[PDB]
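Throughout, a chain's letter reflects where its sequence line sits, starting with A, and its residues are numbered from 1. These values consider heavy atoms only, across backbone and side chains, with no hydrogens, waters or symmetry-generated copies.
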Amino acid sequence: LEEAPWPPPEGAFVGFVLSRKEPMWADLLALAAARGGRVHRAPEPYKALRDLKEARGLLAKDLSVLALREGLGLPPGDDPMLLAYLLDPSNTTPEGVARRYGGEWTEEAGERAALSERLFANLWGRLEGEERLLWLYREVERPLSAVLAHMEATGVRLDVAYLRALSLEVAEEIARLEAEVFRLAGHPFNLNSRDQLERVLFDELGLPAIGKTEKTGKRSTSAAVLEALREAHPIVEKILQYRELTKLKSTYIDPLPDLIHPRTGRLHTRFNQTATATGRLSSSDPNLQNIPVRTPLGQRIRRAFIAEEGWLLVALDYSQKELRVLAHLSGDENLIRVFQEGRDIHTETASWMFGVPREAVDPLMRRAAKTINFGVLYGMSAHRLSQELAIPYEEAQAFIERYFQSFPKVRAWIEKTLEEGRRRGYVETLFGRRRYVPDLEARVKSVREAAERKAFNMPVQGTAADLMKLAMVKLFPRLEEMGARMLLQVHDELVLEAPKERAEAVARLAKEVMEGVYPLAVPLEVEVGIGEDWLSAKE
DNA sequence: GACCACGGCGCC
DNA sequence: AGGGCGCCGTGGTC
Ligand SMILES: Nc1ccn([C@H]2CC[C@@H](COP(=O)(O)OP(=O)(O)OP(=O)(O)O)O2)c(=O)n1
Ligand SMILES: [Mg+2]
Ligand SMILES: [Mn+2]
Ligand SMILES: [Mn+2]
Ligand SMILES: [Mn+2]
Ligand SMILES: [Mn+2]
Ligand SMILES: [Mn+2]
């Protein structure tokens with residue numbers, strides 16, 4: 001390319017280099033743009049950001065987040081990564097996409113700008129004629145990247161002092177548990193080491209091994225194994241409690257307060273848009289899509305996510321999301337009718353596994369039922385179900401037969417999905433998002449059947465993801481108009497922040513947008529709560 | 001210091 | 001014979 005002075009013309013492709021992957025934390029080391037057979041390199045990258053009207057190129061959203069951090073409204077536009085990801089969701093990195101579609105991802109801005117330009121041309125070519133993939137790009141992914149940039153740059157408020165205090169209390173309890181485990185083992189060892197624990201449990205103590213690990217075939221010490229051994233030795237329950245507390249302390253309580261951004265005073269995640277096989281988003285650095293919620297200590301941690309003074313959090317969560325999507329994809333009349341009588345399958349399953357009335361099923365009971373319903377739906381074995389329910393194998397067998405007898409059109413849909421997947425080599429969501437699943441014709445049964453479960457899950461999980469993304473795209477401009485913020489997405493949940501005087505109106509509006517995003521054969525229902533913290537906003 | 005594979009486990 | 005993720009500490013290499 002011909003070396004040309006900064007700035008570039010309108011519509012140029014940008015290339016940029018960051019000191020680290022997280023745009024809220026990165027130093028912008030270099031900035032370039034490419035167009036019309038020219039490459040333009042910015043003398044000073046921060047100042048040069050001001051000259052761009054749009055971030056167009058590889059990883060556009062990341063540059064847009066950095067610009068928002070610097071007080072500049074630089075929206076992301078075309079990004080070859082999104083084109084590649086729609087062609088084949090195994091396209092998740094610029095390294096791989098470059099090598100596959102006509103270049104090399106280097107560490108130089110100018111080369112990255114030229115690359116973005118060439119990859120865009122090639123990928124746009126590959127997508128001509130792919131009308132539904134093009135619809136997803138224009139109507140969902142490209143616009144969504146702008147929404148995600150705003151969410152990332154906004155961040156969420158955290159009660160840091162609360163978590164610091166919590167760390168000291170939890171440390172004391174961890175010490176109590178550790179001391180008691182060591183007393184029982186007859187000696188201290190590294191309780192965090194599953195290898196040392198394995199020897200203590202199965203060699204030193206007399207305990208029976210229950211299962212083996214996948215890659216190396218060691219005797220497993222997983223929670224499932226431990227729970228099966230709960231009454232074989234007092235040391236077991238102590239280890240399970242130690243595991244719960246250290247998991248929560250090491251993963252959330254200790255690291256999160258250290259991640260508060262000095263300028264915003266808030267916590268900023270990344271919403272990765274080309275990271276999953278199904279079309280879901282993911283969240284990283286830190287992951288805010290797996291904040292605890294199940295145990296009492298977990299709930300204590302979730303309470304640390306709070307609204308700005310004068311604002312409230314609004315949490316919206318699709319009810320029985322994937323079951324409703326299944327109803328639409330399959331057309332089962334019984335399952336559809338369930339959602340037209342306002343029945344709740346999670347509640348009904350919970351009343352059965354706990355042997356209590358439906359009105360006796362509490363939130364945490366109902367939640368327990370989710371792993372069971374989704375577990376059985378996507379191919380859980382009777383043996384496994386037997387083990388998690390602690391019921392005779394024959395009992396698990398009958399629950400799984402009855403589960404599918406009730407909704408007969410579902411198995412039909414599964415078989416149709418698998419057949420089409422074998423023939424075309426990919427499966428697809430309601431909107432035509434594809435996942436290639438080559439192992440559908442593997443000659444090894446375990447491999448083939450794993451592939452099958454992946455394959456028939458994807459249209460369901462991925463259609464739900466398509467709907468959530470579309471809803472975010474529709475909802476965001478309404479929130480901006482009302483002076484509200486979108487903070488987090490958690491697969492089928494959104495967390496918003498609204499001024500107190502407007503929170504009720506925001507909640508009502510957001511609920512309507514989400515419920516009416518794309519009318520299906522069954523209603524999509526949304527549960528919404530408002531609160532000063534994330535936990536109380538879902539209570 | 002970075003990076004890896006693994007087991008393990010937090011959420012959806 | 002649940003699916004989809006990302007992060008932790010260990011054990012380890014470079
Ligand atoms: N153990 C789980 C939990 C969730 N999911 C998927 C399917 C549902 C989707 C959304 O998660 P939830 O909100 O927790 O499930 P829900 O059916 O929508 O339950 P709820 O009515 O309480 O929101 O994520 C799953 O595959 N396996
Ligand atoms: Mg949810
Ligand atoms: Mn904007
Ligand atoms: Mn104390
Ligand atoms: Mn839900
Ligand atoms: Mn692993
Ligand atoms: Mn799983």
Which pairs would a plain distance check flag for residues 428-444 of chain A, meaning a side-chain donor or acceptor within less than 3.5 Å of a matching protein atom at least two apart in sequence or in another chain?
{"residue": "A:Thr429", "atom": "OG1", "partner": "A:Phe431", "partner atom": "N", "Å": "3.3"}
{"residue": "A:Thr429", "atom": "OG1", "partner": "A:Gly432", "partner atom": "N", "Å": "3.4"}
{"residue": "A:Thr429", "atom": "OG1", "partner": "A:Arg433", "partner atom": "N", "Å": "3.2"}
{"residue": "A:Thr429", "atom": "OG1", "partner": "A:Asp466", "partner atom": "OD2", "Å": "2.7"}
{"residue": "A:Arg433", "atom": "NE", "partner": "A:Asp466", "partner atom": "OD1", "Å": "2.8"}
{"residue": "A:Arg433", "atom": "NH1", "partner": "A:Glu141", "partner atom": "OE2", "Å": "2.9"}
{"residue": "A:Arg433", "atom": "NH2", "partner": "A:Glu141", "partner atom": "OE2", "Å": "2.7"}
{"residue": "A:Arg433", "atom": "NH2", "partner": "A:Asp466", "partner atom": "OD1", "Å": "2.8"}
{"residue": "A:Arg434", "atom": "NH1", "partner": "A:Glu130", "partner atom": "OE2", "Å": "3.3"}
{"residue": "A:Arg434", "atom": "NH2", "partner": "A:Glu130", "partner atom": "OE1", "Å": "2.7"}

Do the side chains of A:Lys218 and A:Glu198 get close enough for a salt bridge, i.e. N-O under 4.0 angstrom?
no

Does anything in residues 407-428 of chain A reach DNA chain B, meaning a heavy atom under 4.0 Å, and if so which residues?
none

Taking A:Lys538 first and then A:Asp533, would you say they form a salt bridge - that is, a charged N and a carboxylate O separated by under 4.0 Å?
no

Using a strict threshold of under 4.0 Å (side-chain N to carboxylate O), is an ion pair present between A:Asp62 and A:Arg270?
yes

Presence of A:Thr213 side-chain N/O under 4.0 Å of B:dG7 phosphate oxygens OP1/OP2:
yes

Classification of the B:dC4 sugar, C1'-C2'-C3'-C4' positive north, negative south:
north

Are A:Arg294 and B:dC11 close enough that a side-chain N or O sits under 4.0 Å from OP1 or OP2?
yes

Students often get this wrong, so: under 4.0 angstrom with heavy atoms, is A:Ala277 touching a base, only sugar-phosphate, or nothing?
sugar-phosphate

Report which part of the nucleic acid A:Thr371 touches: base, sugar-phosphate, or nothing (heavy-atom distance under 4.0 Å, all strands).
base

Ion pair A:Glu525/A:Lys321, N-O distance below 4.0 Å
no

Per the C1'-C2'-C3'-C4' dihedral, where positive means north and negative south, the sugar of C:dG4 is north

Return each pair, listed once, that meets ring-ring contact (aromatic ring centres under 6.0 Å, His included) where at least one residue sits in residues 445-476 of chain A; pairs must be two or more places apart or across chains.
A:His150-A:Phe476

Hey, which sits more toward the 5' end of DNA chain C by its nearest nucleotide, A:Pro286 or A:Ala382?
A:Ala382

Is there a side-chain polar atom (N or O) of A:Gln196 under 4.0 Å from OP1 or OP2 of C:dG11?
yes

For A:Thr246, answer base if it contacts any base atom (sugar-phosphate contacts may also be present), sugar-phosphate if it contacts only those atoms, and nothing otherwise; contact means non-hydrogen atoms under 4.0 Å.
nothing

Students often get this wrong, so: under 4.0 angstrom with heavy atoms, is A:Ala465 touching a base, only sugar-phosphate, or nothing?
nothing

Return no unless some side-chain N or O of A:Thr278 is found under 4.0 Å from OP1 or OP2 of C:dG3.
no

Does A:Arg423 pair with A:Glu420 as a salt bridge, N-O distance under 4.0 Å?
yes

For B:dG8, does OP1 or OP2 lie under 4.0 Å from any side-chain N or O of A:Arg194?
yes

Taking only side-chain nitrogens and oxygens of A:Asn287, does any of them come within less than 4.0 Å of OP1 or OP2 of C:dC5?
no

Can you check whether any acceptor in the base of B:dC6 is under 3.5 Å from a donor in the side chain of A:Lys215, or vice versa?
no

Give A:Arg435 one of three labels, base, sugar-phosphate or nothing, depending on what nucleic acid heavy atoms sit under 4.0 Å from its own.
sugar-phosphate

Using whole Å, what does the distance between atom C1' of nucleotide C:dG3 and atom CZ of A:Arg384 come to?
14 Å

